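S.K.:
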Amino acid sequence: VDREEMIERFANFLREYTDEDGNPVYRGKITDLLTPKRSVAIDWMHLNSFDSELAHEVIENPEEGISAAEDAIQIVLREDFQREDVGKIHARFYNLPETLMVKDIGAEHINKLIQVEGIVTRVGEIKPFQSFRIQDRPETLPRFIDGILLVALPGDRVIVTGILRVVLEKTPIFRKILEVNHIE
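Here the sequence shown stands for residues 1 to 35, 38 to 130, 182 to 194, 200 to 208, 214 to 233, 237 to 250, where the numbers follow the entry's author numbering.
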């Protein structure tokens, strides 16, 4: 619900979630940061099985939900591993409950964390960002959306999560783009 509560609840999830074998998956993903990875990829269905309220909040209030998850990673690093100097670690959510085709993206998807399937038709770089043009896959027929990431090459089929942002496109319009939270 509120920010402080979400942080505490993410820390509990990271510490206490276990897979079908009783293994604390997210403890391992945290120790991967001490060798290193600079993200923790979180399976949303793991989160939903543990804390369905928190998982719903990630979808409906992504800016706050993602930020809280990141602050929880820092808390666990400090308290459980005595590390405070790893720097910013991104929380990257995948396996959301609904998947959109690019053509399905609408007004109802603003201000949410969304999951989109497509085929990559372009990949570019304008430092420090990577960009992807994500188009409807031919076997679903095309519309496209550009994604910005801070993994995939032209021709690759992908599933991405992210939040809709805009770019001023020069008649000028604010074209919807996706700020990418996770891609595979």
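Virtual Cβ for every residue (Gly too), placed ideally from N, Cα, C.
Is there a C-beta anywhere in chain C that falls below 9 Å from the one on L244?
M.R.: The structure shown contains no chain C; it is built from a single protein chain.
S.K.: Do three or more CB pairs link the region 103-117 to the region 71-89 at distances below 8 Å?
M.R.: Short answer: they don't touch.
S.K.: Determine the direct distance from the alpha carbon of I222 to that of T18, and round the result to whole angstroms.
M.R.: One C-alpha to the other measures close to 25 Å.
S.K.: To the nearest angstrom, how far is it from the Cα of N12 to the Cα of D82?
M.R.: Each residue's alpha carbon lies about 12 Å from the other.
S.K.: Classify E72: buried if its beta carbon has 16 or more other beta carbons within 10 angstroms, exposed otherwise.
M.R.: Per the 10 Å Cβ criterion, buried.
S.K.: Return the CA-CA distance between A93 and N50, expressed in angstroms with no decimal places.
M.R.: Whole-angstrom Cα-Cα distance: 15 Å.
S.K.: Over what stretch of residues does the beta strand (DSSP E) that includes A43 continue unbroken?
M.R.: Element bounds for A43: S41 to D45.
S.K.: Among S41, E100, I121 and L33, whose alpha-carbon lies nearest the alpha-carbon of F202?
M.R.: The candidate whose alpha carbon is nearest that of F202 is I121.
S.K.: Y26 by DSSP, collapsed to three states: which one?
M.R.: Residue state, collapsed to three classes: helix.
S.K.: Please report the straight-line C-alpha distance between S54 and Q76, rounded to a whole angstrom.
M.R.: Computed Cα separation, rounded: 22 Å.
S.K.: Strictly by DSSP, which residues pair up with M103?
M.R.: BP columns for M103 point to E119.
S.K.: Compare the C-alpha of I206 against each of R190, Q117, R228 and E192 and name the closest.
M.R.: Taking only the C-alpha atoms, the option nearest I206 is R228.
S.K.: Can you grab the Cα-Cα spacing for the pair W46 / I239, in whole Å?
M.R.: The alpha-carbon atoms of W46 and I239 are separated by roughly 34 Å.
S.K.: Just curious, the alpha helix (DSSP H) that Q76 is in, first and last residue?
M.R.: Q76 -> alpha helix (DSSP H) spans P64 to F83.
S.K.: So the candidates are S184, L34, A109 and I44; which of them puts its Cα closest to the Cα of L216?
M.R.: The option with the nearest alpha carbon to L216 is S184.
S.K.: Hey, quick one: how far does the alpha helix (DSSP H) through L231 stretch, first residue to last?
M.R.: Taken as a continuous stretch (DSSP letters only), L231 belongs to no alpha helix (DSSP H), being part of the beta strand (DSSP E) at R220 to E232.
S.K.: Is it true that the CB of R27 sits closer than 9 Å to the CB of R9?
M.R.: Not closer than 9 Å, so no.
S.K.: Please state if the CB of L98 and the CB of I61 are separated by a distance shorter than 9 Å.
M.R.: Contact flag set, yes.
S.K.: With distances taken Cα to Cα, identify the nearest neighbour of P191 among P130, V78, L208 and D219.
M.R.: Looking at the Cα atoms, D219 is the closest of the given residues.
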